[PDB]
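Remarks on the overall topology
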Amino acid sequence: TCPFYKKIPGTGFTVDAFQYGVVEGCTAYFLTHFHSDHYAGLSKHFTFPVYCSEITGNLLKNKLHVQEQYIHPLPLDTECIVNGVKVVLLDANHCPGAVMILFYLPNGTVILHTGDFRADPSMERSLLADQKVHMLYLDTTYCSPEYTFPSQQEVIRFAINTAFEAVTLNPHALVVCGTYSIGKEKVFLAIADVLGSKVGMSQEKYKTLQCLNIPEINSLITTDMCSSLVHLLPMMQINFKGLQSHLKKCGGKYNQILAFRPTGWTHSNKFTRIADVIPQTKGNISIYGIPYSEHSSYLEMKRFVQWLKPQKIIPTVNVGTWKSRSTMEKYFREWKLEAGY
Ligand code: NI
């Protein structure tokens, strides 16, 4: 049974609600982004209208085989009428194709559902500037002040400088980057650009990247592993055993691996600056964990919410424990008293 925080009152609509069977009353199912916790339940046998971005629609058709007749793509930043209700899709600054949804209810209530997002000051100059929001359905993944991490630009700078130094010292080093979902593509694209290489990967991953509308993608990626000195591998293989096994397969072309694991936040963020990050090393293999986040930090979240001034907040992450729920409610009240709304 579908939980309350996935239903939009006063509508026939649900958000990210495909794992509950046929939801009673639902005439349109919205999907914010193509991550498995959110699409859980969709397949080629789905027969209800799905509303989403163009990029999400490419992935539903090619990767999950949903039939074309049930995929409804909408442009961003554009007022659209769906089943008699005005909606707008906004870029979420999450993974490719990820959106927030603004719903203009027939009674005059305005609701924003963030999906998953990384709040940014640029959002304060979207179509959100123009009007009031009564209810905010909020991605609260990192809603606690311990959750700190650097900008995505600082992280990429570290990765580019690290890879370029290592391969200039040893032209026989291979770079490997882990992946397990869409998102975080800048990590491997930026490193391959500094090295003058295409990114090599499996046919399955190549297929996924070809759905993302990235400009000039055919110039940037390949399935010919022998021609590339940046390889992608599943995240589960980014360990000393898996990397050893990979280096064997490269026919004596390489004598060293430098690997990256993009994570979210980890507790070593509570001690170490990005500049001071060091790898784990065994013999001719080194592994960097780098804190490349596609979710808001606590301070980014707080800023966004204090600017929007919603009347009510409904968390969509960390909702399963009383301790989490109580912690989040406390910070919402602090934020409101401090800003005066
Ligand atoms: Ni996500």
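X-ray crystallography is the method the PDB entry states for this structure, with the resolution given as 1.3600 Å.

Here we come to the packing of aromatic side chains. A complete count under the given rule lists 21 aromatic pairs for this structure. Relative to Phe304, the ring of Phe117 has its centre 5.2 Å away and its plane inclined at 70°; by these criteria the two rings are edge-to-face. With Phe117 in the loop between β9 (110-113) and β10 (135-138) and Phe304 in helix α7 (residues 298-308), this residue pair connects regions lying 187 residues apart in the sequence. Relative accessible area serves as the criterion here: at 0%, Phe117 is assigned to the buried category. Aromatic side chains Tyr147 and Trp265 sit 4.9 Å apart centroid to centroid with 85° between the ring planes, which places their arrangement in the edge-to-face category. On the criterion of sequence distance, the pair formed by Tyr147 in the loop between β10 and α3 (152-169) and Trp265 in the loop between β15 (256-263) and β16 (280-282) is long-range, its members being 118 residues apart. Its relative accessible area of 22% is what places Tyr147 among the partly exposed residues. Through pairs of rings, three or more aromatic residues link up here, namely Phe13, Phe30, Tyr51 and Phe103. Between the NZ or CZ atom of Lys86 and the centre of the ring of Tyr104, over which it lies, the distance is 4.5 Å. When the ring centre of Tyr331 is taken as reference, the NZ or CZ atom of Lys330 above it lies at 5.7 Å.

Our next topic: the coordination of the nickel ion. Donor atoms from the polypeptide that bind the nickel ion are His33 (NE2), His35 (ND1), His94 (NE2) and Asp116 (OD), placed at 2.2 to 2.3 Å. A relative accessible area of 8% means that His94 is categorised as buried. We classify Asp116 as buried; its relative accessible area is 7%.

A word on unusual backbone geometry. The phi angle of most residues is negative, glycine excepted, and most peptide bonds adopt the trans form. Positive phi, close to 60°, is recorded for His65, a residue that is not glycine. Within the secondary structure layout, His65 lies in the loop between α2 (54-62) and β5 (71-73). With a phi close to 60°, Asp77 is a non-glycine residue in the positive phi region. Overall, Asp77 belongs to the partly exposed group, its relative accessible area being 48%.

What follows deals with the packing of α3 against helix α4 (residues 185-195). Packing of α3 against α4 leaves a shortest axis separation of 9 Å and a crossing angle of 40°. Judged by the angle between their axes, α3 and α4 are oblique. Along this stretch, α3 crosses α4, giving a crossing that reads as right-handed. Taking contact as the criterion, the partners of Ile156, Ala159, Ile160, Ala163, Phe164 and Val167 in α3 are, on α4, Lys186, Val187, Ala190, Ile191, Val194 and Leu195. Grouping the amino acids of the contact of α3 with α4 by side-chain chemistry returns eleven nonpolar, no polar and one charged.

Further remarks concern helix α6 (residues 240-249). Backbone nitrogen of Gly242 and a side-chain oxygen of the N-cap are separated by 2.8 Å at the start of α6; the cap is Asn239. Just beyond α6, the residue with positive phi is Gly251, at close to 55°.

Here the focus is the pairing of β10. In β10, alternate side chains face the same way, and those of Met135 and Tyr137 on one face and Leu136 and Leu138 on the other are all buried. As paired strands, β9 and β10 are joined by three bridges and run parallel to one another. The residue bridging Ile111 from the neighbouring strand is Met135, located in β10. Inspection of the sheet shows β10 paired to strand β18 (residues 312-315) by four bridges, in the parallel sense. Bridging across to β18, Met135 finds its partner in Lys312.

Cut-offs applied
- Residues numbered from 1 in each chain as written, not as in the entry; some residues may be left out.
- Heavy atoms only, no water.
- Residues with missing side-chain atoms left out of burial classes, pairs and counts.
- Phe/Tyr/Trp six-rings, centres within 6.5 Å; stacked < 30°, edge-to-face > 60°.
- Helix = DSSP H or I, 4+ residues; strand = E, 2+ residues; numbered from the N terminus.
- Buried < 20%, exposed > 50% of the residue type's maximum accessible area, 1.4 Å probe, protein only.
- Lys NZ or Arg CZ within 6 Å of the ring centre and 35° of its normal.
- Donors = N, O, S within 2.8 Å, 3.2 Å for Na, K, Ca; no water.
- Axes fitted to C-alpha atoms, helices over the stretch in contact; angles between N-to-C directions.
- Parallel < 35°, antiparallel > 145°, perpendicular 65-115°, else oblique.
- Left-handed = near helix turned anticlockwise from the far one by under 90°.
- Contact = heavy atoms within 4.5 Å.
- Nonpolar A, V, L, I, M, F, W, Y, C, P; charged D, E, K, R; others polar.
- Polar contact = N/O pair within 3.5 Å; in protein donor to acceptor, adjacent residues only side chain to side chain.
- Pairing = 2+ DSSP bridges.

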